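Novice: this one is an experimental structure. Sequence first:
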Amino acid sequence: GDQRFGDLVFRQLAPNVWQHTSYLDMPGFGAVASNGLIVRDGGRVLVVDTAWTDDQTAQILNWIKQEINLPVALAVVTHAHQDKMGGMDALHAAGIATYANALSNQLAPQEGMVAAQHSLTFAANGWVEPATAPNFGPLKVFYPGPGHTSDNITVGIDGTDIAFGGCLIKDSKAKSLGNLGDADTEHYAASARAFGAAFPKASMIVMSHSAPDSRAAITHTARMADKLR
Ligand SMILES: Cc1cc(C)c2c(CP(=O)(O)O)cc(=O)oc2c1
Ligand SMILES: [Zn+2]
Ligand SMILES: [Zn+2]
């Protein structure tokens, strides 16, 4: 099922949805996989998250050209860490419109990231303000509250059983919540549960560092985060 393409891996999850996977060495700790999504919406392609680097992100665009061969209309990135925004320059060099939480764009320079071109803003209840996410097609963007980071956002794919929790959600057998260096430990559990409640029909939960899982990824992540309080 997995397709090795250069140093990256691509996996079809639904007729119009693929997961992209890229790897970066964390010195002394190993090569860390990070996952994002690629969605075909009619005659265009939508991307969720870059790869770790510009070169890897250009390779995602190469794979899209060969395997889908439609223009990439936009990309949305889910927080201001390298695994999600490290390849912003490659998207801009390709002429792709880029979107991130306003807070992600504000944090980008201090995190060593390049900001996206456009800022998403969110209603008090977490749903993106639609005027800031034009032409997003089936992508439903939701801010669940602070968790893995204060700016983390999540994305559901309308017409599918798929929702993307990014680095907020860990798989149903995960032993830890990963990198908590920028985390909001007080609010993590509630933010994880809010993601689940925003996408109740999503039976396939896609996340940054594990293969897609059932909704037990959400319950287990929240249950682990209960211990942070
Ligand atoms: C200190 C630290 C920071 C980051 C950003 C990472 C990441 C990327 P993140 O998952 O937090 O978006 C992965 C990792 O394995 O370790 C880290 C350690
Ligand atoms: Zn992160
Ligand atoms: Zn992560």
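Specialist: In hand now; what should we look at? Residues are numbered from 1 along each chain as shown. Ligands and ions are numbered 1, 2, ... in the order given.
Novice: please report the distance of the residue of the chain found nearest ligand 2 from residue 48.
Specialist: Across the chain, the shortest distance to ligand 2 (CB to the ion) belongs to residue 81, at 3.3 Å. From N, CA and C alone the C-beta is placed, and that goes for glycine too. As defined by CB to CB, to the nearest Å, residue 81 lies at a distance of 14 Å from residue 48.
Novice: and what of residue 213?
Specialist: Distance, residue 213 to residue 48, using CB to CB: 17 Å.
Novice: the two: which is more packed in?
Specialist: residue 48 (26 against 21; other CB atoms under 10 Å).
Novice: and the closest residue to that one other than its chain neighbours, helix, strand or coil?
Specialist: Closest residue in space to residue 48, ignoring its immediate chain neighbours: residue 37 at 4.0 Å, by CB to CB, 6 or more residues apart in numbering. Under the three-state scheme (DSSP: H, G, I helix; E, B strand; the rest coil), residue 37 adopts strand.
Novice: give me the neighbour count for residue 37.
Specialist: Residue 37: 22 neighbours (other CB under 10 Å).
Novice: list the contacts of it.
Specialist: Listed by CB atoms under 8 Å, 6 or more residues apart in numbering, the contact partners of residue 37 are 13, 17-20, 47-49, 155, 157, 162, 164, 206.
Novice: repeat that with 10 Å
Specialist: Residues near residue 37 by CB atoms under 10 Å, 6 or more residues apart in numbering: 13, 17-20, 46-49, 76, 78, 139, 155, 157, 162, 164, 166, 206.
Novice: try residue 100
Specialist: 75-80, 84-85, 88, 106-108, 113, 115-120, 151, 153.
Novice: list buried residues within these.
Specialist: Those of these that meet the buried threshold are 75-80, 84-85, 88, 107-108, 113, 115-118, 120, 151, 153, by 16 or more other CB atoms under 10 Å.
Novice: these in helices, which ones?
Specialist: 84, 85, 88, 107 (DSSP state H).
Novice: helices along this structure, start to end?
Specialist: 54-67, 82-85, 88-93, 102-107, 188-198, 216-226.
Novice: let's have the ones you listed in CSV, adding distance to residue 178.
Specialist: Output for the helices of the chain, formatted as CSV (distance: least, CB to CB, whole Å):
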stretch, distance to residue 178
helix 54-67, 20
helix 82-85, 11
helix 88-93, 22
helix 102-107, 18
helix 188-198, 11
helix 216-226, 10
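Novice: and for the residue most central in space within the chain, nearest residue in space, chain neighbours not counted?
Specialist: Centroid check for the chain by CA atoms, centre = their mean gives residue 166 as the closest residue, at 4.2 Å. Nearest residue to residue 166, sequence neighbours excluded (CB to CB, 6+ apart): residue 78, at 4.0 Å.
Novice: who's in contact with whatever residue of the chain ends up closest to ligand 3?
Specialist: Going by CB to the ion, ligand 3 is nearest to residue 167 of the chain, at 3.3 Å. Shown in contact with residue 167 (CB under 10 Å, 6+ apart): 34-35, 49, 78-79, 81, 83-84, 147-149, 152, 177-179, 182-183, 207-209.
Novice: how about 8 Å then?
Specialist: 78-79, 81, 83-84, 148-149, 152, 178-179, 207-209.
Novice: what does residue 96 give?
Specialist: Residue 96 neighbours (CB under 8 Å, 6+ apart): 47, 61, 72, 73, 74, 75.
Novice: many thanks, I have nothing further to ask.
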